[PDB]
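One chain comes next, on its own, written out as structure tokens in the form deposited without (S)-mandelic acid nitrile (MNN).
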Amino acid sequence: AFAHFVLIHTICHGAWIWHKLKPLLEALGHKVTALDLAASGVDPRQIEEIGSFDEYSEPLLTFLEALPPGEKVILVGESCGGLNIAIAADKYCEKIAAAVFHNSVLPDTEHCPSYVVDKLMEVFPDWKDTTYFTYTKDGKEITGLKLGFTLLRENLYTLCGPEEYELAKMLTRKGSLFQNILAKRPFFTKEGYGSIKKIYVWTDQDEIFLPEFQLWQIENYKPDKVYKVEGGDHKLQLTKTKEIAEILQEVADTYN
């Protein structure tokens, strides 16, 4: 079967992270959309204009709004993109055939929206040469970050080739987790986000979303299906592109 995959990058990244996966999925016959979220990639906004994870998600929500009735998509989110998935599913659940989490945060419906982010920060507290700043938007102080190049090299892009790491140095931008805004946000709903099919893809060789964290997430909120990819790194769409495409094909053949 063919599907329409919507690929969702993490904070400080953009659609460009999907540049290997997108053509491979198209060579299987799928439709693929790879979005820039607000203030990401080549989106014209700067992060200081953005006040919440929900505002950050606007390009995904606008895209979903534009789907004609009856058209469903498979969302694929890397790293913090699982939060974009949960936000999207609470507005457009009927348009989502399934969600695939790709070394991603896996929010739940029983705890506040920041819950898995709070946990991540306990498991991985030292972001190396990452820099931080604060800005104010909608009367709240937001912590912005710019991912450190050593962190990128050692922990996110560990096994990626030098030309891929170079792209990350060139293209990663200031972003935010909006952690304190998530902490005050209404919970993700059981009827919306809770109802979608959830496929969790990971590697135990991820050097930032460590096995303790990922296995904690799986136990916390049981996925419909789990795929463990052997080897690679945090950026499986770069280091294990073919394996990710094969998994996504199986998801397309399972959920519609």
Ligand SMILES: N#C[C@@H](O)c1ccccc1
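Note that residue numbering begins at 1 and tracks the sequence as displayed.
Legend: mean Cα B-factor per stretch from the PDB entry, 166-174 versus 105-113; the higher mean is in 105-113. The stretch with the higher mean CA B factor, choosing between 183-191 and 214-222, is 183-191. Highest CA B-factor among 33, 46, 62, 203, as stated in the entry: 46. Residue 26 sits in the lowest third of its chain by CA B factor, as recorded in the PDB entry.
For residue 5, the recorded CA B-factor ranks within the lowest third of the chain. Only modelled residues enter the ranking. Residue 84: CA B factor in the lowest third of modelled residues in this chain (values from the PDB entry). Looking at the C-alpha B-factors along this chain, the one for residue 152 belongs to the middle third.
Among the modelled residues of its chain, residue 98 has a C-alpha B-factor that falls in the middle third, as given in the PDB entry.
Just so it is clear, the following notes concern the form solved in complex with (S)-mandelic acid nitrile (MNN), a form of the same protein that is not shown.
Contact check for residue 236: every heavy atom lies farther than 4.5 Å from (S)-mandelic acid nitrile (MNN) in the deposited bound form.
Interface membership of residue 21, defined by any non-hydrogen atom within 4.5 Å of (S)-mandelic acid nitrile (MNN) in the deposited bound form, is ruled out. Interface membership of residue 127, defined by any non-hydrogen atom within 4.5 Å of (S)-mandelic acid nitrile (MNN) in the deposited bound form, is confirmed. The shortest heavy atom separation between residue 74 and (S)-mandelic acid nitrile (MNN) in the deposited bound form exceeds 4.5 Å.
Remark: all three candidate residues (147, 151 and 208) come within 4.5 Å of (S)-mandelic acid nitrile (MNN) in the deposited bound form, counting heavy atoms only. Screening 80, 116, 89, 181 for any heavy atom within 4.5 Å of (S)-mandelic acid nitrile (MNN) in the deposited bound form leaves a single hit, 80.
Across the options 24-32, 185-193, 223-231, 208-216, residues that bring heavy atoms within 4.5 Å of (S)-mandelic acid nitrile (MNN) in the deposited bound form belong to 208-216.
If you take 31-49 and check each residue for a heavy atom within 4.5 Å of (S)-mandelic acid nitrile (MNN) in the deposited bound form, you get nothing at all.
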